[PDB]
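J.: Okay, here's the structure, questions in a sec.
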Amino acid sequence: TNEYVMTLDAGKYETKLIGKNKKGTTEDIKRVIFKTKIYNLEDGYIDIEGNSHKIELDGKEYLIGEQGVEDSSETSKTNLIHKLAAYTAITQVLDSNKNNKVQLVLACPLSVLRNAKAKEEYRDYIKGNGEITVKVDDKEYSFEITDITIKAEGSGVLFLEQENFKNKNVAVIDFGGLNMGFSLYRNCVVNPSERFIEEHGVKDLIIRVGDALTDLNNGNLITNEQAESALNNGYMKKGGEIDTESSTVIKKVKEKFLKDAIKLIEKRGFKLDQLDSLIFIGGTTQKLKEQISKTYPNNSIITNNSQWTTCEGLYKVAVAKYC
Amino acid sequence: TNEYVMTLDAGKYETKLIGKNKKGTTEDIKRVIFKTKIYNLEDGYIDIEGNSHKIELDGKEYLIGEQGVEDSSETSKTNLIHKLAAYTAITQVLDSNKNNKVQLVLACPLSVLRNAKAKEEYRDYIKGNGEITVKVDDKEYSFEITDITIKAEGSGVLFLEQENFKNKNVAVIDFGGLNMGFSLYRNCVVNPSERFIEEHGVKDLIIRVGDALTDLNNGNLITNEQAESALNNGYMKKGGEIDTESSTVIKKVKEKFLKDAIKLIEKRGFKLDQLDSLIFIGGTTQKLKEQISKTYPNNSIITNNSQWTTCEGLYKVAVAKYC
Amino acid sequence: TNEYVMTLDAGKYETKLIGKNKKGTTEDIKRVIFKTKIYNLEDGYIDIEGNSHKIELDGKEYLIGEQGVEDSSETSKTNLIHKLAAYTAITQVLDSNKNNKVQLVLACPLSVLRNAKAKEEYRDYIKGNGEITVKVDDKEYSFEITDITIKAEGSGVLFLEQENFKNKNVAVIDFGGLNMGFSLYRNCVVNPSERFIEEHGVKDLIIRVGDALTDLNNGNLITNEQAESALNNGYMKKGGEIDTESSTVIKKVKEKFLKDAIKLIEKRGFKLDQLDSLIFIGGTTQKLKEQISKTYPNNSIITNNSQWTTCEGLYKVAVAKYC
Amino acid sequence: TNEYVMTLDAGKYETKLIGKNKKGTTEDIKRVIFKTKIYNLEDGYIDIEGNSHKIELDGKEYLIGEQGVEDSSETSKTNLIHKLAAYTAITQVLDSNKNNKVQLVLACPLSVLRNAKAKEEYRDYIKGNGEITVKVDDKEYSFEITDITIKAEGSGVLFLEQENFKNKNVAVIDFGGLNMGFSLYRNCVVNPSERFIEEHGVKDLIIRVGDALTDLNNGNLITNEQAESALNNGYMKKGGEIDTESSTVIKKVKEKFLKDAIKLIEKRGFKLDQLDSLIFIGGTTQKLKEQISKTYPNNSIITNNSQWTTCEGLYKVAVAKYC
Amino acid sequence: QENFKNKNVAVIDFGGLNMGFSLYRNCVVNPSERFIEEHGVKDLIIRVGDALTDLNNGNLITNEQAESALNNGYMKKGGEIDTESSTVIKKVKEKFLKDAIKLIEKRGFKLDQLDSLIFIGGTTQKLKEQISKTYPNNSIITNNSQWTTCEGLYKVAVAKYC
């Protein structure tokens, strides 16, 4: 048979997707990573070219990949929102040939991975054939799904990393936008008693640094020169030896963030020596990985393009499903 | 089908209109922008050629586009005034072919966008077929409306600008004749708590500069040479190095106006860094855009022909409605 | 006839009500002021005595006045929520005699005061007879409404104050929890061009002072002694001459808040001398009235129990309606 | 009607139950609290009197309430185990009269409270009539269920406490045997981003103190006099001023446990001042409540008989369901 | 702020008319690994404007602010119907970046043997973002690139002053 593996990650505010066919043609990651937003092309507006595509689902020309450079309907949502997003994500990066037979590997929140949702209703959404168009003047693809494989999101990350693992203790430290989530596994099974969430994220980090409700994003006020009123854009790039603004602040905020994270680890997880590895993932990983590595030697690990960690993990299980 | 998109903006003292058919033939903006005044051609007066047209509505030959070069009835009004203006605005720039099928995109004050008005009665005015003539000796057009789309006026401006937007914070700073209005949006939704009006406009600006109740318009007294007793006509064009009249005054008045506007922003809106963009629109935009850009870097943005900002925004939603 | 006047104010998070019958018996203000929350007494829970009453509406024993000392259904809401709240507010403080004939005076947001809502649908809710019980083992009241009178919320405040007014310029400066709203009136008519909102409130104030996301409420951490980690509870009450925490902070935050408010006034409203009076209302009034009075002499005015300002204003129009 | 309220809590290793009928007759708590174990009386063994009862379900005489003083089948389990436990828990403390009509209030893990389980299958188990016997030579009860009400376990605790609550931020700090779980609520809704688990419990506490794998339970070696080789039985009761064993150890272990818990709170939850109350529950509450109260003033609260906290919370919703 | 005595660094200067790459190894310029490309920002905005005139952020004054960009204004047309760049910008810049990095790998060598590539010139602010995504942990930019040289010269002049 001619079957492909599609790996999808319907996360926070972005959807990540990867196929060997798309990866083979496009260099980006790429695959693809697009904001979890969807629009529709109505006559009450003027369509525009992407990075955005038009898809045929139901009646309606759905729009996905653009940010709203091509429509104003992106802000609008339906009940149906997620179901449309799934169809458009499957559509994108799906070119055989006309008939595209696949296996789908994806993940869902650990708390739902067994219930009626993200276990029966999610599988039902994924588990069916469908005809999807690509271009308004093209390109029809007939998609058949030969199998589906869903695991806990944190498992995609663990799988992507090259660690052995059958009888080890590992944790996934995910620095998200709004939260920092720690999921611990022992002998390939999640340990709920040793997992936890801290209700502070990168947004809180940059906020606490900016020392202002606004004014944080790498440009908080546009009427300030590039670099002024950072934070997310730009590090310690003020070559004025007289300035006293962070760098100093950054190391201060991050110092407390790291001390809180590791302190919780030792309370819940246990002796940092009993842990085989702690995978550092999330949007904030690149920001904190360095300091953590100096906090504790030979425990923390990071993967390149942390954003595609889950998908690369899911892809491996989907290859097994394909066999 | 053969359907067109008409975009209308029934604003302060001017009505702006745009159609692809009219834009294709006339170079002006143009489209059209005409004062929100209407007249009628009665036998008690002598009709004259425009830039003004005659329209057949009810019984009565309505007159629109002229300024009163062709009639004295322009000053006169009816209760009915606005309803006639709508019909004449639809009539203008409406040539298929005889049968003109359209979709109408327009806006209304944010405060009415959901009520019984500018949501039910306005839609009812727009939502119908009608036969309109163009010339007294011509030109009949049969107009059918296939749909209507109304949004908050500030939304037309946001849409016209090329910004992404689904999860950003933007404000529209509209320097009107009598008021300066700030409308803030977060994740494509207006935030009333972060919007406000200042009861001073361009008229107040030029007034405060002229330092006289009269005497302001670019010619306040006709018996003064062109440039004397400005303000609206002419900038710092007095090449007499001895003169001490503004330029100095202009920068002084504008200095206080900008300081007041930005001060209110920081009080209500928040840290200027938390704002992704502030679109500068209104008759006064061209006057203040320069100084604002120097006040704060990388935040303020302006579009060319600010007068057609709303209409170009509405046109995009109407293309979507047309689909 | 035996008719009474009921004055109601369905505001932000609290509902204020006043009747001459209730005021005559209870000393509180009192009248009443209760959070805009409603519950229901279901068999899946154990009812408890108030300050809370049970009301019969539809089928269901609605609950109002308690904070959730008597039920857990307070958090729950219906679509229907507001309509039930209206019935319970009318019920409370409504004792003739069995047959209670009234006139209802209330207000609504200025932006809706003329539309299909807060002008037709709100009047329809208020404008009807109804049988309401008071106690589960009592007390039936038959309520007839002989008239209804709705005005803009800011008008209730203006009316309550003792100022003359027919040909004057007045503004209402309302320091709310989340926003600070300024409504200007000239010759008894609201002037939209000279009214505005600042998207910062008392919550922002106390926040900015506390210098922490939590930790603000007069007790941010319960494990701190009364007075530590204020702010809302307690002023400058640290008699330790060594401490450097606010008072200093308070005057600093408030200094900027007042400078921003007055600066916006002078920009939008105009010369502070052209204003006859500025009524200072809202939860924050008591906090800022002192400093404002020193900012500008002979302009600012405050009324006692600012929370009942609107209702005392509405009551006066309802007496006129009663006649 | 003659309906009663049964409140059940099928927790960790114990099942708690409360009825007004049982509470009225027995003084214990009591209600009842029995280990989540079940046995059966087979001819291959000799039955014995309790604190244990015999119940008729299926065919089989189930046994519940004893610890295994009356049988050796307690260790044995079925697939069916939980379903039998539910029937025996309903049976116990269920005496009208012969016909017992009730409403059942219970809770389930927050992570399942909406799924196919602890939302549909659990409700199905609870939601039916059944005939249960009490004694082998008696006592038949016909049980009808008129309604069922399930909430998140942490909600039972919040409800039991006397706090208001509709617009507050509260957390439940549950010191369990194996884990310490923190559930945060804001405006009566759980906030997952601000909830977390630490994989250490009381067992870890006493373990870390005992400084031995065995040897901990209040008697680790029976051949040691009462008090020697504590910990769970007995505090600082060694009146030998020469001894250097804990008390010193206790305060040391608990010092680190409290520092870790509060440190995680400030990281995830936020400023301890933004929290209205933190309810301290679980088997460990009595152990740590004192030190926490000194750690932070005016925030921590405890209820008497923490073991019945959930049930007393569920009972209140069941009274509402009964109405 | 880089150390430098025994490293390989290049300066990628996006000028108005040219884009100049100067490579240093152990604090000495390597002529064999330096080069110029005869296209600048003017060529960039030109190629985007798709017109000889008409480019500067206002090419025709009789067009409303934003129309007939480019240098003034980015993707600020909030009309979802418009099909003019943003799309063009990413297209032109896509080719410009591919050409620059391709020349680097030909002349300079393996991008991994480079310790840092400082991105300077009027165009730096325009391309720094895309380059950073092209290759991780190599490109660096300084604030106010226009004063980069002077702040560098000032440091040697302090040494001369001593």
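Don't worry about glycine lacking a Cβ; one is built from the backbone with ideal geometry, like all the others, and counts go over all protein chains shown. Just so you know, all these numbers are worked out from the coordinates, no wet-lab data involved.
J.: Given the criteria of a type in the set (D, E, K, R), within 14 Å of chain B (Cβ to nearest Cβ), out of contact with any helix residue (DSSP H, G or I) (no Cβ under 8 Å at 6 or more places or on another chain) and surrounded by fewer than 19 Cβ atoms within 10 Å (Cβ to Cβ), does residue C:135 qualify?
T.: No: the conditions fail for residue C:135.
J.: Taking the residues in the stretch E:69-102 that are among the charged types (D, E, K, R) and either closer than 23 Å to residue B:318 by Cβ or in contact with a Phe, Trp or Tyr (Cβ under 8 Å, 6 or more places away or on another chain) (or both) as candidates, determine which candidate is farthest from the other protein chains (Cβ to nearest Cβ).
T.: Among those that are among the charged types (D, E, K, R) and either closer than 23 Å to residue B:318 by Cβ or in contact with a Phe, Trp or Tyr (Cβ under 8 Å, 6 or more places away or on another chain) (or both), it is E:84.
J.: Same structure again: So, in the stretch D:288-303, how many residues would count as being more than 22 Å from the chain's Cα centre (by Cα) and without any contact (Cβ under 8 Å) to a residue 24 or more places away in the chain?
T.: 4
J.: Take the residues in the stretch D:108-132 that are more than 14 Å from chain A (Cβ to nearest Cβ) and surrounded by fewer than 18 Cβ atoms within 10 Å (Cβ to Cβ); name whichever of them is farthest from residue D:323 (Cα to Cα).
T.: It comes out as D:131.
J.: Hey, could you check the stretch C:214-226 for residues that are of a type outside the set (D, E, K, R) and surrounded by fewer than 18 Cβ atoms within 10 Å (Cβ to Cβ) and say which is farthest from residue D:270 (Cα to Cα)?
T.: Among them, the one singled out is C:226.
J.: Also, I was wondering about something else. Report, by residue number, each residue of the stretch A:187-204 that is within 16 Å of residue A:153 (Cα to Cα) and either within 12 Å of another protein chain (Cβ to nearest Cβ) or part of a loop (DSSP other than H, G, I, E, B) (or both).
T.: A:188, A:190, A:191, A:192, A:195, A:196, A:197
J.: I'm trying to understand the selection: among the residues of the stretch D:177-189, which are in contact with a helix residue (DSSP H, G or I) (Cβ under 7 Å, 6 or more places away or on another chain) and farther than 23 Å from residue A:173 by Cβ?
T.: D:177, D:185
J.: For residue E:148, all conditions in the list (1) surrounded by 18 or more Cβ atoms within 10 Å (Cβ to Cβ); (2) touching a helix residue (DSSP H, G or I) at 6+ places or on another chain (Cβ under 6 Å) hold save one; what is the number of the exception?
T.: Condition not satisfied by residue E:148: (2).
J.: What are the pairs with Cβ atoms under 6 angstrom where one residue, in the stretch A:75-86, is loosely packed, with under 15 Cβ neighbours inside 10 Å and the other, located anywhere, is outside any helix (DSSP H, G or I) and not basic (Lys, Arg)? Sequence gap at least six, or different chains.
T.: Between residues of the stretch A:75-86 that are loosely packed, with under 15 Cβ neighbours inside 10 Å and residues that are outside any helix (DSSP H, G or I) and not basic (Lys, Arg), there is no close pair.
J.: Next question, about the same structure. What's the number of the only condition in (1) in contact with an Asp or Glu (Cβ under 9 Å, 6 or more places away or on another chain); (2) within 11 Å of chain C (Cβ to nearest Cβ) that residue D:261 fails to meet?
T.: Here residue D:261 clears every test but (2).
J.: Considering each of B:223, B:244, B:303 in turn, give the residue that is in contact with a strand residue (DSSP E or B) (Cβ under 6 Å, 6 or more places away or on another chain), more than 12 Å from chain A (Cβ to nearest Cβ) and more than 29 Å from residue C:256 (Cβ to Cβ). It would help to see each step written out before you state the result.
T.: Working: B:223 fails: in contact with a strand residue (DSSP E or B) (Cβ under 6 Å, 6 or more places away or on another chain); B:244 fails: in contact with a strand residue (DSSP E or B) (Cβ under 6 Å, 6 or more places away or on another chain).
Selected residue: B:303, the only one of B:223, B:244, B:303 that is in contact with a strand residue (DSSP E or B) (Cβ under 6 Å, 6 or more places away or on another chain), more than 12 Å from chain A (Cβ to nearest Cβ) and more than 29 Å from residue C:256 (Cβ to Cβ).
J.: Could you count how many residues in the stretch A:6-47 are within 11 Å of another protein chain (Cβ to nearest Cβ), among the β-branched types (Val, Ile, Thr) and more than 11 Å from residue A:308 (Cβ to Cβ)?
T.: So the answer is 3.
J.: What about residue B:29, is it in contact with a strand residue (DSSP E or B) (Cβ under 9 Å, 6 or more places away or on another chain), in a loop (DSSP other than H, G, I, E, B), at negative phi and among the hydrophobic types (A, V, I, L, M, F, W, C)? Write out each step before concluding.
T.: Values: in contact with a strand residue (DSSP E or B) (Cβ under 9 Å, 6 or more places away or on another chain): yes; in a loop (DSSP other than H, G, I, E, B): yes; at negative phi: yes; among the hydrophobic types (A, V, I, L, M, F, W, C): yes.
Here the answer is yes, as residue B:29 does meet what is asked.
J.: What residue, of D:241, D:255, is farther than 19 Å from residue D:197 by Cβ and in contact with a helix residue (DSSP H, G or I) (Cβ under 9 Å, 6 or more places away or on another chain)?
T.: Of the residues listed, the single one that is farther than 19 Å from residue D:197 by Cβ and in contact with a helix residue (DSSP H, G or I) (Cβ under 9 Å, 6 or more places away or on another chain) is D:255.
J.: Within the stretch C:97-107, track down each residue that is surrounded by fewer than 17 Cβ atoms within 10 Å (Cβ to Cβ) and not basic (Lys, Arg).
T.: Scanning the stretch C:97-107 gives C:97, C:99.
J.: A further question on this structure: For residue B:318, which of the numbered conditions (1) within 12 Å of chain A (Cβ to nearest Cβ); (2) more than 28 Å from residue C:270 (Cβ to Cβ); (3) touching a helix residue (DSSP H, G or I) at 6+ places or on another chain (Cβ under 8 Å) fails to hold?
T.: Going through (1) within 12 Å of chain A (Cβ to nearest Cβ); (2) more than 28 Å from residue C:270 (Cβ to Cβ); (3) touching a helix residue (DSSP H, G or I) at 6+ places or on another chain (Cβ under 8 Å) one by one, residue B:318 breaks only (3).
J.: Report yes if some residue within the stretch E:88-96 is surrounded by fewer than 17 Cβ atoms within 10 Å (Cβ to Cβ) and of a type in the set (A, V, I, L, M, F, W, C); otherwise report no.
T.: Among the residues of the stretch E:88-96, not one is surrounded by fewer than 17 Cβ atoms within 10 Å (Cβ to Cβ) and of a type in the set (A, V, I, L, M, F, W, C), which makes the answer no.
J.: Take the residues of the stretch B:152-206 that are free of Cβ contacts under 8 Å to residues at least 24 places away in the same chain and out of contact with any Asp or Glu (no Cβ under 9 Å at 6 or more places or on another chain): which is surrounded by the most Cβ atoms within 10 Å (Cβ to Cβ)?
T.: This residue is B:167.
J.: Follow-up question, since we're still on this one. Does the stretch B:278-287 contain at least one residue that is at the interface with chain A (Cβ under 8 Å from one of its Cβ atoms) and either in contact (Cβ under 8 Å) with a residue 40 or more places away in the chain or in contact with a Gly (Cβ under 7 Å, 6 or more places away or on another chain) (or both)? Break it down stepwise before answering.
T.: In the first step, residues of the stretch B:278-287 are kept if they are at the interface with chain A (Cβ under 8 Å from one of its Cβ atoms); the result is B:278.
Pick out the ones that are also either in contact (Cβ under 8 Å) with a residue 40 or more places away in the chain or in contact with a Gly (Cβ under 7 Å, 6 or more places away or on another chain) (or both) and you get B:278.
Yes, the stretch B:278-287 contains at least one residue that is at the interface with chain A (Cβ under 8 Å from one of its Cβ atoms) and either in contact (Cβ under 8 Å) with a residue 40 or more places away in the chain or in contact with a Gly (Cβ under 7 Å, 6 or more places away or on another chain) (or both).
J.: Go through (1) under 17 Å from the mean Cα position of the chain (by Cα); (2) touching a residue at least 24 places away in the same chain (Cβ under 8 Å) one by one and return the number of the condition residue D:28 breaks.
T.: (2)
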